[PDB]
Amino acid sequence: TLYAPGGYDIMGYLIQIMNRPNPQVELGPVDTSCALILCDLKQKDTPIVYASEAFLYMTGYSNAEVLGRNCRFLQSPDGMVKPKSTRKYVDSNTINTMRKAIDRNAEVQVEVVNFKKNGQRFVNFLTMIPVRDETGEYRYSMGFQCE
């Protein structure tokens, strides 16, 4: 996984999201003080390319343990979840809903059981919205996590 050398336009993307003409889920106002991440949809397995301070702190994982990985790792108390595996602590329907929404560039909002680095179980009120890069086409996905 590689990252944009100059960094990501997180604030620009936040504004883009709040300005979206056809919102499908209720986000309301959000900013960089929250736990959020940006994944690259044009790279293998939609890797995380940006994680806010709040996300790292809320989950207990460091930047080096988050960047370049699919966020599904939060689905196991040991931070290890293989793609297509049948999770034993997370509802399959919820996981499937997330997968199809991403594949369709459709907004989605769910409550999913996740685990912190120390293994603590928590419910993640998660919202994901597709983001267009400078080309005007969808390239990234911004996720908003809330314990």
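In case it trips you up, residue 1 is the first one in the sequence shown, and so on.
Visitor: Of the two stretches 38-46 and 25-33, which shows the higher Cα B-factor on average in the entry?
Guide: Mean CA B-factor is higher for 25-33.
Visitor: When the C-alpha temperature factors are averaged for each of 87-95 and 49-57, which stretch ends up with the higher value in the entry?
Guide: The entry gives the higher C-alpha B-factor average to 87-95.
Visitor: Would the CA B-factor of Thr135 place it in the lowest, middle or highest third of its chain?
Guide: Tercile = highest for this residue's CA B-factor.
Visitor: Just say lowest, middle or highest third for the CA B-factor of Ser62 relative to the other modelled residues in its chain.
Guide: Tercile = highest for this residue's CA B-factor.
Visitor: For the chain shown, is the CA B-factor of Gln120 in the lowest, middle or highest third of its modelled residues?
Guide: Within its chain, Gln120 is a highest-third residue by C-alpha B-factor, going by the deposited values.
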